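Heads up, the chain below is alone and in the form deposited in one PDB entry; it's given as structure tokens.
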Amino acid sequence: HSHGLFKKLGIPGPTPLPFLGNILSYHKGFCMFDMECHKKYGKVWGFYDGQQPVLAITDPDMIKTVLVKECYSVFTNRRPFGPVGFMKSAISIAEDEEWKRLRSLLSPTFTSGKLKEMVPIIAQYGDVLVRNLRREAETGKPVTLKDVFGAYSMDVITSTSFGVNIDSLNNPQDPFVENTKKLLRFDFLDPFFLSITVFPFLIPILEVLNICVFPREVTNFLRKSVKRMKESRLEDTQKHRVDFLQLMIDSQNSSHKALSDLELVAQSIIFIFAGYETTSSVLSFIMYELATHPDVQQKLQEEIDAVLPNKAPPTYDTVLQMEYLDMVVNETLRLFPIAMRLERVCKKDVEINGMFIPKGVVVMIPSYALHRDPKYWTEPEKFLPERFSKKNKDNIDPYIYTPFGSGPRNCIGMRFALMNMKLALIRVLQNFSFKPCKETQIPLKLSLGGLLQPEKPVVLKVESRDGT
């Protein structure tokens, strides 16, 4: 019972129940819980995930202090979440100095140059997705976005970490894809995780039995797959394709360095885990918005048609040049910041601009809630891209709008993700128009689970701009 911590500090929040803390209030999902707390408690509030104290903060300066100012010193790590095994070394699960070192070895791998050089590969799959989407529409039936983008997301992943070039969508059974496919984002509200939240003392027991949240079935497979291609393939030299693995392999081969072949395997897997369902979900939200806002869709199409007359293949610089595109992407991320919350564990007693935060408390920034906070957004529930226009985006506080988090521990694949999604969006809109379908849910309703996603999958009628 650390359940008295918050009233002891005079910090408001919902009253916790023995053992459960406040988890039954998650019956409508993390985001609804955070919006309702924001509303009734104010700028700061506390709650308990089992016995774990969580202090939500909403003040921009405090957020910067936590995410930026005091990253290395006090708020360096995310909260532990369950049995992880060797993945304990994935950069996103790694802690303190261990994390700092991994954050160095990997920086170069995510530089624009390395990125630009990966465009041809990803772009190549944009052609594949279009080629693919061409059929699904050409046919007649509504298209289920998660699937088309799931495959596209998959294809970019494999391809950008050694030439495993597969048309994932039409090779549903290619084992290598049938495994990477299983690397889905965790729903921390499913029974298992709720149980570990209420019985955290069970994690060491699962670790000793080698029980891991990532499917060993799949982790084993890729561990071995990387092993061979890391040898078998390029252990022949002469001709390499600037993918993450190679960047990880070569980074290996000539301060703190030397990525353990196991670490490297951990990185490759986490990069997949970090980008697979995230990219696909964001693309789907965007397409939903464009379909329910024809005018925006058209305008986007006109800009694309302008920067690339007559379906001209997208390019790094060409992508960067499109502003309405950038505005549409950003607006969608404001409405659907898929991480939902940003978190940091307080490694030690501290005071940040006024309030004292005890050691061990989890400091949480409710992105979903700050993104829809009336106090900062006119008609928060509305999809209005102008919000991010050139002469308007300056009024946006970066500690309020945080779809990719902020500070030293922000999303390391952010630019890659933005690039990936735009290239895809360009290719697709540069060929089709998505319109609401009779089965299209409007307004879109969000799941009540622990992931930010539509209640029912988004399906839309897809039409080719002059397809005969």
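Counting begins at 1, following the sequence as shown. Between two forms, the rigid core is defined as the largest C-alpha subset superposing within 1.5 Å.
Counting only other entries that model residues on either side of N220, is it left out in at least a third?
Result for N220: never missing in the compared entries.
Is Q238 unresolved, in the sense of carrying no coordinates, in at least a third of the other compared entries?
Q238: unmodelled in a third or more of the comparison entries.
Which class describes the count of deposited residues lacking coordinates between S254 and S255: none, 1 to 3, 4 to 9, or 10 or more?
4 to 9 residues are missing.
Averaged over C-alpha atoms, is the B-factor higher for 457 to 465 or for 4 to 12 in this PDB entry?
Result: 457 to 465.
Between 239 to 247 and 74 to 82, point out the one with the higher average CA B-factor as the PDB entry records it.
In the deposited entry, the stretch with the higher C-alpha B-factor mean is 239 to 247.
For the listed residues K182, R101, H371, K359, which one has the largest C-alpha B-factor as given in the deposited model?
Comparing C-alpha B-factors across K182, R101, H371, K359, the top value belongs to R101.
Could you check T332, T292, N310, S92 and tell me which one carries the biggest Cα B-factor in the deposited entry?
Each of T332, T292, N310, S92 was compared by C-alpha B-factor; the highest is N310.
Taking the chain's C-alpha temperature factors as the reference, tell me which third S280 falls into: lowest, middle or highest.
For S280, the deposited C-alpha B-factor lands in the lowest third.
Lowest, middle or highest third: where is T111 by C-alpha B factor in its chain?
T111: CA B-factor falls in the highest third of its chain.
Where does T402 sit by CA temperature factor within its chain: lowest, middle or highest third?
It belongs to the lowest third of the chain when residues are ordered by C-alpha B-factor.
Where does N132 sit by CA temperature factor within its chain: lowest, middle or highest third?
Middle third of the chain for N132's C-alpha B-factor.
Within this chain's modelled residues, let me know which third the CA B factor of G29 belongs to: lowest, middle or highest.
Tercile = lowest for this residue's CA B-factor.
What comes next is about the form deposited in another entry, which is not displayed.
Would you mind telling me which residue of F285, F162, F388, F383 shifts its Cα by 2 Å or more between this form and the one not shown when the core is superposed?
The displaced C-alpha is that of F162.
After fitting the rigid core, is the C-alpha of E351 off by 2 Å or more between this form and the one not shown?
No, its C-alpha moves less than 2 Å.
By the 2 angstroms cut-off, has the C-alpha of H371 moved between this form and the one not shown once the rigid core is superposed?
No: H371 shifts by under 2 Å between this form and the one not shown.
After superposing the rigid core, is the C-alpha displacement of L184 2 Å or more between this form and the one not shown?
Yes, the C-alpha moves 2 Å or more.
If the C-alpha spacing of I338 and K181 moves by 3 Å or more in the other form, is that a move closer or farther apart?
So the answer is closer.
Between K461 and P172, do the C-alpha atoms lie closer or farther in the other form than in the shown form, with a difference of 3 angstroms or more?
Nearer in the other form, by 3 Å or more.
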